[PDB]
Amino acid sequence: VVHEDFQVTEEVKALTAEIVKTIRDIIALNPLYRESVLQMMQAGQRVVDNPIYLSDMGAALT
Amino acid sequence: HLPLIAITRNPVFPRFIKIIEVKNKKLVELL
Numbered sequence: 397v398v399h400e401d402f403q404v405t406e407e408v409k410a411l412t413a414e415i416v417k418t419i420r421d422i423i424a425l426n427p428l429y430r431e432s433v434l435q436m437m438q439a440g441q442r443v444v445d446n447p448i449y450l451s452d453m454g455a456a457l458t
Numbered sequence: 099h100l101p102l103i104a105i106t107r108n109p110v111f112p113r114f115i116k117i118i119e120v121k122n123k124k125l126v127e128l129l
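Top to bottom, those sequences are chains A and B.
Each residue of the first sequence is one higher than the last, beginning at 397 in the working numbering.
Each residue of the second sequence is one higher than the last, beginning at 99 in the working numbering.
Have a look at this one:
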């Protein structure tokens, strides 16, 4: 399980934000599942210690 | 003389309403 990441984990998260925003847009216009799961896990909640899994879930809704 | 509020990744800008939810109940007892 390769999870190489840059030393400065400061501006990479910005990209992540866009992803979730796009994801939000999807569920805003073409709903697929309940939005509750989005509410439970939030970028500002800090409970997400595995960003690659968040990206996997985001791609999953595709 | 109150304990420091746990921010837990919830930046609060000046003159900007913000909502804080912390799983820790201790803040609930303080409130």
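Idealized CB from N, CA, C, for every residue including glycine.
CA nearest to the CA of residue i, picked from the options
i	options	result
residue 421(A)	410(A), 434(A), 409(A)	434(A)
residue 405(A)	447(A), 415(A), 432(A), 429(A)	447(A)
residue 456(A)	432(A), 399(A), 419(A)	419(A)
residue 120(B)	430(A), 442(A), 452(A)	442(A)
Simplified DSSP state of residue i, which is helix, strand or coil
i	result
residue 401(A)	coil
residue 438(A)	coil
residue 420(A)	helix
residue 415(A)	helix
residue 444(A)	coil
residue 110(B)	coil
residue 104(B)	coil
residue 431(A)	coil
Residues near residue i by beta carbon distance below 6 Å, same chain, minus five either side
i	result
residue 450(A)	444
residue 438(A)	none
Beta-carbon separation (whole angstroms), residue i vs residue j, contact threshold 8 Å
i	j	result
residue 440(A)	residue 108(B)	6 Å
residue 454(A)	residue 415(A)	5 Å
residue 100(B)	residue 128(B)	7 Å
Close beta carbons around residue i, own chain, < 7 Å, minus the five adjacent residues each side
i	result
residue 402(A)	408
Proximal residues of chain D, C-beta to C-beta of residue i below 8 Å
i	result
residue 442(A)	This model lacks chain D altogether, as its protein chains are A and B.
Beta-carbon proximity list for residue i, same chain, < 8 Å, skipping 5 on both sides
i	result
residue 399(A)	448
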